[PDB]
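Undergrad: sequence first, structure after, both from an experimental entry:
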Amino acid sequence: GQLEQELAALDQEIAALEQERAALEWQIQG
Amino acid sequence: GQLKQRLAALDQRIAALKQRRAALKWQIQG
């Protein structure tokens, strides 16, 4: 269904942002 | 502080997307 596709696209977008947050949380330790 | 501001803005954008996701999950369950 369309809703399930949107949910997957939403998780993809959150993942990409959480990856940025991960990299930032590393550099802030150095 | 540029990295702190990136992180803060990322936390805001992620928090808003998680609210959308919670709404979308409820729709998937009708």
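TA: Yes, it's here. Numbering: from 1, shown residues only, chains lettered A, B, ... in the order given.

Undergrad: mind listing the helices in the chain by residue range?
TA: This is for chain A. With DSSP state H as the criterion, chain A has helices at A:2-27.

Undergrad: my bad, the chain I had in mind was chain B
TA: Secondary structure of chain B by DSSP H: the helices cover B:2-28.

Undergrad: close to chain A: what parts of it are there?
TA: Within reach of chain A by C-beta under 8 Å from any C-beta of the partner chain, chain B has these residues: B:3-4, B:6-7, B:10-11, B:13-14, B:17-18, B:20-21, B:24-25, B:27-28. From N, CA and C alone the C-beta is placed, and that goes for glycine too.

Undergrad: of the residues you listed, select the buried ones using a ChimeraX command.
TA: Applying 16 or more other C-beta atoms under 10 Å in any protein chain shown to the residues of chain B next to chain A leaves a buried subset, and the ChimeraX line that selects it is:
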select /B:6,7,10,14,21
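
Undergrad: now residue 21. Nearest residue, chain neighbours left out?
TA: Because you didn't say which chain, this covers chain A. Sequence neighbours aside, residue B:10 is the residue nearest to residue A:21 in space, at 4.8 Å (criterion: C-beta to C-beta, 6 or more residues apart in numbering or on different chains).

Undergrad: could you do chain B instead?
TA: In space, residue B:21 is closest to residue A:10, 5.2 Å off (C-beta to C-beta, 6+ apart).
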